[PDB]
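Written below as C-alpha cells is the structure these notes are about.
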Amino acid sequence: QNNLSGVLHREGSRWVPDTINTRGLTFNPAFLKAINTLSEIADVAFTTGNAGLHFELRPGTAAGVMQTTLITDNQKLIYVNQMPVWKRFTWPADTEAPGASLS
Amino acid sequence: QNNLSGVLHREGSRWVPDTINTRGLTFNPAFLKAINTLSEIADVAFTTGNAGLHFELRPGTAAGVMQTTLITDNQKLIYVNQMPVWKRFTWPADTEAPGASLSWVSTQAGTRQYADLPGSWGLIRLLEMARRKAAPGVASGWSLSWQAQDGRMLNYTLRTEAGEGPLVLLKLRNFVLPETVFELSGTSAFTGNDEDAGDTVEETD
Amino acid sequence: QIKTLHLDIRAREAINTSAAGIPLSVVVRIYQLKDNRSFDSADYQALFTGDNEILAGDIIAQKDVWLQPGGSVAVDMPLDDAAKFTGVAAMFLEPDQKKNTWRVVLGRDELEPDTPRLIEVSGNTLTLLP
Amino acid sequence: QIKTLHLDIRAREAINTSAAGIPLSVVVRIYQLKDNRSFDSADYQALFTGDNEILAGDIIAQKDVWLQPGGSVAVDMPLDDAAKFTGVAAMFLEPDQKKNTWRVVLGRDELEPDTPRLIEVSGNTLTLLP
Amino acid sequence: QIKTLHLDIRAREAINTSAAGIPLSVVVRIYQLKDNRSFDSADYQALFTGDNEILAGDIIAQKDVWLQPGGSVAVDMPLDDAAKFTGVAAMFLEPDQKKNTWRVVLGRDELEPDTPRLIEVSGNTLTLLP
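Protein chains in written order, with the entry's author numbering: chain a, 925 to 1027; chain e, 925 to 1129; chain Q, 22 to 151; chain T, 22 to 151; chain R, 22 to 151.
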C-alpha cells in the first residue's frame, strides 16, 4: 500500500498488475500467484480479524456399520442411523481440550 | 467516496445525483435504484456492523385450531389460547442448531409440523409464503396468514421496530447488481414509480 | 376420608369465544394445595405465567386437562392426603379477574370418593353443579 | 396382574433399507408410560430429539434395545406397576409419520407374565404377532 | 400347514456381473405353482418371455421382487393353499441354463410359517441356506 502503491492496485480480492502505466518492468509470476492464493485465504476464513469460520455439517449414510461418532472442539455428533439432519460447527472454539477424532 | 466523489454526494440514506455541477453526462437509472435498495437494507438490518436486528413478535388468534407452536433460534413461542402477549426475538442468535419451523395441532390429529428449514437464513425462507400482510392496527401493522394443509389457518400479527423490521429482507430476491453506469443509452426515460408499485403489489397481495 | 380424586368436566359449544364469537378450546389446570389463601391472592397472570413459588410450593402436584369445545374429559387422580384444596383454574381469552369467575376452590369435604363432581364450563366462567 | 415385562424382538434381513437398498441397523426404544395420549400426539421428531417433558414426565423409565439386521434381542424388564402402556418406537431412515407404522402401544392387558410378546420388524414398519 | 409365505433374499456386491465386471441389478420372480414338472421343463427363454400357458396356468400367482446389488428385500406373501411349490427364478446376464443354477423349487414342507427362508444371490447363481 505504500512501497509500490503506483504498481499494484487493490482490486476486488486479487492483485491486478497492469496499472503501472510503465514499460520495461515486469515481475516474477511466482509472486503474483503466491499473493492471490493468500488473499483467497484472507477472504474465506478471516472475516473479522479474530480468525474464525463456520460451516454446515455432515450426516451419515453407511453400509454395514453403525455408531459413527466424531468430536471436534467439544461439539459432538453421535449418529446411529436416525433421520439425517444438518448441524453446525464453529471451527476455532473457546477454551477446552481442543482436538478432533473419529470413532 | 473516492472514485467519483464529485458526482454522488452521500445524503441522508439514498444517493443524490445532482452534485456534478456538470452537463452532458447522465447515467443509467438501473444503477441508482439498485443502490438505493441496498442502502435501505443498510439502514434497517445492519446498524452495528455485526449484522443483527431484533423485532417484536406475535400472539396467536385462531379459528378451530390450537397449540400453534413455532421455534426459531431456540426462542420458543408455545401458545394454547392464553391471554395474547407480545414477545421479542433477536434474529441472528448465538450457536445452536439454527433454523425455524411451524407446528400446529389439529382437532382430530396430533402435531404435524408445517415445514422445517435449516440454516442461519431460515427465518427469511419460511416467512415468504403468506404475504397477505397489510393490517390497520398497530403502527408497523402487519399480519401473516400461513395457510397450512387441510384448510386450518393460523394467524399472527407482526409489529416491527425500525422502519420495516425483518420483512425488508424479502426485497433481495431476484436482485442482481446491474451493468454500466454512465451509459449513453437511456437518455429520456421516466421510471420513478417501481419503488412505489412493488410495495403496492406487496402491501395489497 | 377421600382416597381418589374424581372429577367430570362438562363443556358446551360456546366456551372461550373470541371477538368473532368463534368457539375456541381451552386449557384447565388442576392443583393440589396445602394452602388456599395464596390461591385466592394470585391474579390471572402470576398463576399461569408467574414464579410465585410460595404458591407453587403449596401446590403438591399439578395436572393439566385439555377439553374440546362441546365435549368432556374425565379426571381419575390418585388424591394426595395433604391436598386440602383442589384448585381449578382456566385460561380464557377474556378472564374476568375482577368478578373472579375463572377459578374455584374445592375443599376436602366437597369431594366424593367414588363419584366425580361436575364442573361445567360455559362462556368464560366456571360453574359447579350439585 | 403382570410383574415382569418380557418382550422378544424379531428382525428380518431387509430392515431400514436406504436408497441403495442396503440393510441397516436400527435403534428401538422401550417406554413405560403413565399416559398414552401424549404418546399418540408426538411426531417422529419431538419424541426422539424433542424436549416434550410432558411426554418425558409420563415416561417412568426408558430403555434402548439395539438389534442387528437379521437377528433378535430379548427384553427382560422389571415391569413397573404404574406402567399402564408399554411404548415401542423405532428410528428408521424413512419413518412414515403419516400412516404411523413406526410406533405401537401395548397396554397392561396384552402383556404375558412369563412369555415374551413378539414384535417383528420388517422394511420400515413395526408388527405385532399373536 | 403353512399359512403365510415368508422369504428373505440376501445379495452380495458381485451379482449379475457383465463382461466389464460391473455390479448390476437383477429381477427375481416368485411363482406359486400347482405343478413342478413344467417348472423343471422350461428353459431360460420360454419362462421369462414365452407363452407356455401350460406353465402359466399352473402358476397361481406371480410376484416380482427387485433387489439392489448389495441389499435385500423382504417377502411377505399371503400363501395360497394350492401353492405346492414356490418357484424362484432370476434373470442374470449370463444364465447357465445347462447347470441350472438360475432356478430353485421350494416345496410345501420346506417353508416356515413365521420365519423367512434365506435365499442368497451371488455371482450369477441362486443359493439356499439352512
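Ideal Cβ positions, reconstructed from N, Cα and C, are used throughout, including at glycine.
Distance from the CA atom of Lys-1057 of chain e to the CA atom of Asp-64 of chain T, rounded to whole angstroms, is 31 Å. Any Cβ of chain e closer than 9 Å to the Cβ of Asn-37 of chain Q would place that residue at the interface, and such an atom is present. Contact of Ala-41 of chain T with chain a is assigned, a C-beta pair being separated by under 9 Å. Per DSSP, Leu-1050 of chain e lies in no beta strand (DSSP E); the unbroken alpha helix (DSSP H) holding it starts and ends at 1047-1050. Inclusion of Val-48 of chain Q and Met-112 of chain Q in the CB contact set at 9 Å is warranted, their separation being smaller than that value.
Counting only runs that start and end inside the region 84-116 of chain Q, the beta strand (DSSP E) elements of at least 3 residues fall at 94-99, 106-111. Interface residue (Cβ-Cβ distance to chain T less than 9 Å): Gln-1006 of chain e is not classified as such. Closer than 9 Å to the CB of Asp-117 of chain T there is not a single CB belonging to chain e.
Leaving aside the five residues that flank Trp-123 of chain T on each side, the residues in its chain whose CB is nearer than 7 Å to its CB run, in chain order, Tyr-65, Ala-110, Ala-111, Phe-113, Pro-116, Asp-117, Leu-147. In this structure, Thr-1014 of chain e lies away from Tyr-1003 of chain e, with their beta-carbon atoms at least 9 Å apart. Ranked by Cα distance from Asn-57 of chain T, the first of T:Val-86, T:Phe-106, T:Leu-88 is T:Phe-106. DSSP places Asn-1079 of chain e inside the beta strand (DSSP E), whose first and last residues are 1078-1082. In terms of beta-carbon proximity, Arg-1012 of chain a lines the interface with chain e, with at least one pair separated by less than 9 Å. Taking CB atoms only, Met-1077 of chain e has no neighbour in chain Q less than 9 Å away. For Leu-139 of chain Q, the uninterrupted beta strand (DSSP E) run begins and ends at 138-144, by DSSP. When only Cα atoms are considered, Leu-1026 of chain e and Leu-76 of chain Q end up about 34 Å apart.
Below 8 Å, too few C-beta pairs join the region 1070-1081 of chain e and the region 927-936 of chain e to call them touching: fewer than three. Here DSSP, grouped into helix, strand and coil, assigns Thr-70 of chain T to coil. With contacts defined by Cβ atoms closer than 9 Å, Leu-1082 of chain e and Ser-1069 of chain e do not form a contacting pair. Take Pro-44 of chain T, set aside five residues on each side of it, and the residues of its chain with a beta-carbon closer than 8 Å to its own are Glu-34, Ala-35, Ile-36, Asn-37, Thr-38, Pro-90, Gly-91, in chain order. Under the Cβ criterion of 9 Å, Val-940 of chain a is not counted among the residues facing chain e. Shown here, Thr-38 of chain T sits in coil according to DSSP, grouped into three states, outside any helix or strand. For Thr-985 of chain a, at least one C-beta of chain T is nearer than 9 Å to its own C-beta.
Of the residues assessed, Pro-151 of chain Q falls on the exposed side of the cut-off, its CB having fewer than 16 other CB atoms within 10 angstroms. Classified as exposed, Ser-143 of chain Q has fewer than 16 neighbouring CB atoms from the shown chains inside 10 Å of its CB. Spanning the alpha carbons of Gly-973 of chain a and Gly-973 of chain e requires a straight line of approximately 14 Å. With respect to the C-alpha of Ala-1086 of chain e, the residue from e:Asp-967, e:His-933, e:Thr-946 having the closest C-alpha is e:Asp-967. Between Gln-22 of chain R and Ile-51 of chain R the beta-carbon gap is near 18 Å, outside 8 Å, which marks them as no contact. Looking from the CA of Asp-102 of chain R, the closest CA among R:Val-96, R:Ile-80, R:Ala-32 belongs to R:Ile-80. For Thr-996 of chain e, the uninterrupted beta strand (DSSP E) segment begins and ends at 990-996. Every alpha helix (DSSP H) of 4 residues or more that sits fully in the region 952-981 of chain a is shown, in chain order, as 953-966.
In the structure shown, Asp-130 of chain T falls within a coil segment according to DSSP collapsed to helix, strand and coil. Neighbours of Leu-114 of chain Q in chain e, taken as residues at a C-beta separation under 9 Å, are given in chain order as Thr-985, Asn-1005, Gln-1006, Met-1007, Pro-1008. Counting only Cβ-Cβ distances below 9 Å, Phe-69 of chain Q has contacts in chain e at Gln-1006, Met-1007, in chain order.
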